[PDB]
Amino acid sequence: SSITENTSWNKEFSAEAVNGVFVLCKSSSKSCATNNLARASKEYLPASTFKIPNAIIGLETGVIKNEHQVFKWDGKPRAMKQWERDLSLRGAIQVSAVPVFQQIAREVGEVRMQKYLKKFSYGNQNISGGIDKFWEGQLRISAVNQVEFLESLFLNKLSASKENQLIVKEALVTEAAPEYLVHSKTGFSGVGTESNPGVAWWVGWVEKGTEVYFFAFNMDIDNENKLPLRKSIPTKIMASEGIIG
């Protein structure tokens, strides 16, 4: 990767008293820009952004049959009212259904999980604390790594079938307009404390005309009411560059 630091973006962060980073690449990871070079490379807990490789590995291992797979509710209550019904792949990904993905992780199993994440170069690679709970635990990944990983997915270069990479790419679509398709994923580890804060993510890419823009955002967060900033800050920056608004 090749990355240029521009301090100007810092305004949008200052305005909101947000401690964070944004990494935006046009065409490829040979062309990225960021507000904070050091935070760009620092690794954080992926939280639900981990649903992306989990889904790929799920599909690739046969744990997830195909894009039409339904994730049946077993009747037994789920801890969130949004998960208490049947879900598609895209749906499970949009609502971040924790029991759905833990179950995928349990059936993938820890040896296969580790192997795929190694092939993927996905973060620091640590899955300790239990197999259903490592995106909350030891595994850590930077903003730059996230864009690298998403770029590989975009180009079908992950060690996975082209089909399964396509399936995952479509389930991640969150906005469509005549000129562009936005593929994205949120993450939030929890509030943590004021002294030690939780992390919030928005990662994805934008297919605009013949161009592509990869992006990854994170921020320290100690209050849930700051959560929408994880989308508004990157959106303002991309608007200002004339990408999307």
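Each residue number is its position in the shown sequence, starting from 1.
- Higher mean CA temperature factor between 107-115 and 132-140: 132-140, per the PDB entry.
- In this crystal structure, the stretch out of 188-196 and 23-31 whose C-alpha atoms carry the higher mean B factor is 188-196.
- When the C-alpha B-factors of 167, 147, 97, 155 are read from the PDB record, the largest value belongs to 97.
- The entry lists C-alpha B-factors for 161, 174, 102, 88, and the highest of these is at 102.
- Placement of the Cα temperature factor of residue 56 within the chain: lowest third of the modelled residues, per the deposited record.
- Sort the modelled residues of the chain by CA B factor and residue 70 lands in the highest third.
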